[PDB]
Each structure stands twice: as structure tokens, then as C-alpha cells.
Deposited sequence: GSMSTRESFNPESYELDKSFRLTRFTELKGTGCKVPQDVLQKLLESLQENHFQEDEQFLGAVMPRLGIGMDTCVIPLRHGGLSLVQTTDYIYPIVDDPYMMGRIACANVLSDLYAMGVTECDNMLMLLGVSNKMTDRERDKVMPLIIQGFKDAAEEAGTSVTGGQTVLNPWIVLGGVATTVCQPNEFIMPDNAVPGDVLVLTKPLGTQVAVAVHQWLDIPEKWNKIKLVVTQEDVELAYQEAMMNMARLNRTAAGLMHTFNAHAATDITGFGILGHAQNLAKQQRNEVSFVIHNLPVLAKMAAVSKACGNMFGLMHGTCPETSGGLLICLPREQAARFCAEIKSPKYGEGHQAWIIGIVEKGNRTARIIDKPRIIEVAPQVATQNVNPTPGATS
């Protein structure tokens, strides 16, 4: 995306139409659980999708919703990233197919009509192609004026019981697998700012951009192939936030321990230099369109890692262990930081 390539000015930045926060835009985890107080397997609020058994066919309706604001300055990719973020919640349940999507848009009241008319069709394009890759399509939605640009949607599947994997079958000795590297907030943060070189910055942003656009759909499928016991996706609450919520969901008395952190190279050094702006090393640094965190028996684990890389392929990491415990999660006192080069 070259702005001036679209009769737009030089100073335009899609990221102008929102604010940047080190800790993200979502309402914090403890506050939501509080406010959300008045509210065949079935799954209510608390996890990555709902699972609502139906009257018809012993079928279950599985659905999920998402919305975010611009984090990269390339409108096509950002819509790809939007559509991918919605579908991620489905994939943490293992459902490889999407029966239907609805799209949420918010058009900023600060953008010229000419900016809107160039930038929106690009975004709407990124969303469609990504949906096509997922084997689905958008058939409705809602579009309204807002102070900021908003992007989001709904994914919905009507499943037979074999299609999904309840997020709660972990046992002591399983290992934790993560399929995308950490640090997406830091990378988007520093790029807008244009310890690290201008070159270190551009390679990071381009890499984070690419990984955010990649679908968790292949991973969902290999969780069946390799008999996964539970999974979540890593989004706004960060690696530790989502780990802690998965754990509390377990049927068995287990606890999670994460040993190493696969981070986009150089981004650890940035978060570190910014004290408590991010908290990358504490595990609460928000992710966007992160990968899957999966509880797999030790044998299924290397095999799963081998096949995701060389099926097109993408690397995944062994990051921690499942142990007898009281359903909590924690990162170790001094984690190993794997620096993953572009």
C-alpha cells in the first residue's frame, strides 16, 4: 500500500482513526467477568465459542463474534486480519468449516468522504478473500458512523458432534503447543513510531502483518488428526491471559506451566525498554490474530509440529507442560525467549 498510489495524501495513516494503547483496547479480564455476572455437550459464556445443542438432528450451533480497530496502515491486509480474528475462535474449537459470516464495520466521522470511498472497498476486499480461503462467505452485517474505524464480524457453524472438540480434556503430562510467535502489539506500536534500527522495525511489522493474516484453519484440523485434548486462541488478554482462562475450564485437576516464549525477533528488547508499557515478558501483552495454544499428548506433539511445518507450512513450538494442579496457569520465573527471525 502506497497511499499516494490511491490519490490519497502522503500524511494519511489508517491508524490515525483510533488510539494506540500498550495494554490494548479491550475491557480488562477481571472487570468483564464481573459485569458479565447477571448472565450433548453445551458451553456458555467464558470460552472461545458457545455450543448450543439444537432441537434438530442432535446438531449443535457453534458461533462467535469479534471486533477491533486499525493496527496496521495497509487497508487490504487489515480486513484480512479482521476476518481471520473472527474465525480464530471457531478454530480453537477445532471446527474447520464455517457455514456463515456476518461483517461489522464502523466508518470514522473524521475521515473525508473521499478517504472513506477509497479505503473502505479495499478493506471489504480483504475480508472477502479471507472468507473465501475459509470456504465461506459474508451474507449480512451492520455499518455505522463512529469516532473510530471499527472492523469485526460473526462466524457460525451448525455441527454434528464429531466436528468440534470440547476445550477441557487435558491430563497431567500433556504438553503445550503454540502455532504463532508472540509480540504483535509491540511490532504494530513501534512501526507507527517511525534499541532497534529502522530496518529492524520494517521487517518486524511486515512479519507480524503476515502472521496475523494467516488462518488457524489448518491447525484446527490437525487437532483432530493428532487427538488434541483442549485448545484456545491467543488474542487481546495475551499468552498468559488466555492460558489462565483455558486452565480454569479443565475437567481434571491440572495446572499449566509455560517455559519458553517464541517472540518476533527484537520485540522483546523493545517491550523491555518500555518498562510496563506492554508487559511482553509477564505474558499479558495483548495479541491480535494469534495462533492456537493446544494441549497434546507428548507423542502427538512432535508429529503435529512436523506436519504443520512440512504439510504451505508454518513452524510451531513446544512451550510448556500440563501437570496435576488446581486449574491455574503461570509462566516461569525466568522464561526462555526464542527470537524468531523473519
{"item": "Deposited residues absent from the coordinates (by C-alpha)", "value": "1 to 8, 48 to 62, 218 to 228, 346 to 348, 380 to 394"}
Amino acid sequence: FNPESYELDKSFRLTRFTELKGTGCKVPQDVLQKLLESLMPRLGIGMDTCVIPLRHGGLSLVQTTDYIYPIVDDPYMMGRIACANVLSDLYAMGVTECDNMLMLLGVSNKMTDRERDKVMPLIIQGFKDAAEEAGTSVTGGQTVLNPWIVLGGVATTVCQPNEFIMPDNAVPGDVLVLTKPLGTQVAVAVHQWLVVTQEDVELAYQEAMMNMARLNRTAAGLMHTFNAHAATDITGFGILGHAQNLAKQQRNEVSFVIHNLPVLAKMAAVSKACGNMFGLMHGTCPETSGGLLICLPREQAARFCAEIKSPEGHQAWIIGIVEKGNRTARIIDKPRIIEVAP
From here on, numbers count along this sequence of modelled residues.
{"item": "195 to 203 or 220 to 228, whichever carries the higher mean Cα B-factor", "value": "195 to 203"}
{"item": "Per the entry, higher mean C-alpha B factor between 67 to 75 and 268 to 276", "value": "268 to 276"}
{"item": "Ranked C-alpha temperature factor of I338 among modelled chain residues, by third", "value": "middle"}
{"item": "Where the record places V322 (Cα B-factor, split into thirds across the chain)", "value": "middle"}
{"item": "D48 - which third its CA temperature factor falls in, relative to the rest of the chain", "value": "lowest"}
{"item": "Chain third (lowest, middle, highest) by recorded CA B-factor, residue given as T139", "value": "lowest"}
{"item": "Relative C-alpha B-factor of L14, binned into the chain's lowest, middle or highest third", "value": "highest"}
